[PDB]
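Heads up, the thing below is written out as structure tokens.
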Amino acid sequence: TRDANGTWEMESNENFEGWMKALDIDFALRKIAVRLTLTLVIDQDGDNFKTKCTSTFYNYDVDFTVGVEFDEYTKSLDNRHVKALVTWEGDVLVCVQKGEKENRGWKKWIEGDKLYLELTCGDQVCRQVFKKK
Ligand SMILES: *C/C=C/c1ccc2c(c1)C(C)(C)c1cc(N(CC)CC)ccc1-2
């Protein structure tokens, strides 16, 4: 479906450290990030999205409109400027972040009460699965 609204709890997280390493996140912060519980909160109204990723320590919040490029500064992650764009490819929500890192972005598949997320950077893919709370 195209409705991603909800509070989403992580169930699976494959190659998180490889994806973070591809982004040049410090080895110490990677250490901590792998241990934290991650909660993904999505507020969606039409083409307007507010996405909030929260853990004990760090937060990552982004707002966007589908189909409208936006400048992004990944202040709480790898601290880079990217030109981001989120679009629908069928019922897959696709984000491309143009900038230094090649093949950067993410894709979201919503299937019932499950959310599949694939984060890409360079040649690394992190695959995550969330269940709706
Ligand atoms: C549709 C989802 C997009 C998206 C953008 C940014 C991040 C995520 C999902 C998370 C939840 C996978 C995530 C986790 C982290 N941490 C360090 C690796 C823990 C807070 C940072 C940024 C994003």
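Here UniProt numbering = 1-based position in the sequence shown + 1. From the three backbone atoms N, C-alpha and C, an ideal C-beta is built for every residue, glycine too.
Locate the alpha helix (DSSP H) running through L39, then write down its first and last residues.
Note, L39: premise wrong, no alpha helix (DSSP H); not H, not E.
Where does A5 sit, in a helix, a strand or coil, going by DSSP?
Three-state DSSP puts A5 in coil, outside helix and strand.
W9 Cβ short of 6 Å to ligand 1 heavy atom set
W9 has its Cβ no nearer than 6 Å to any heavy atom of ligand 1.
How long is the line joining the alpha carbons of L37 and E73, rounded to whole angstroms?
Rounded to the nearest angstrom, the two C-alpha atoms are 24 Å apart.
Hey, is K109 close to ligand 1, as in C-beta under 6 Å from one of its heavy atoms?
Flag set: Cβ of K109 near ligand 1.
Contacting residues, own chain, Cβ-Cβ under 6 Å from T75 (five flanking each side not counted):
Cβ within range, chain order: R81.
Excluding the five sequence neighbours on either side, which residues of its own chain have a C-beta within less than 6 Å of the C-beta of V42, listed in chain order?
The residues are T8 and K53.
Span of the alpha helix (DSSP H), counted from its first residue to its last, around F65
Unbroken run through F65 is the beta strand (DSSP E), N60 to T66; no alpha helix (DSSP H).
Any contact between the stretch 9-21 and the stretch 120-134? By contact I mean 3 or more CB pairs, one from each, below 8 Å.
In short, these stretches touch, since the Cβ pair count reaches three.
For ligand 1, I want to know if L78 counts as a neighbour, meaning its beta carbon is within less than 6 Å of at least one of the ligand's heavy atoms.
Checking the Cβ of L78 against ligand 1 gives yes.
If contacts are defined as beta-carbon pairs under 8 Å, then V93 and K109 qualify, I think. What distance do you get, rounded to the angstrom?
Right, their Cβ atoms sit about 7 Å apart.
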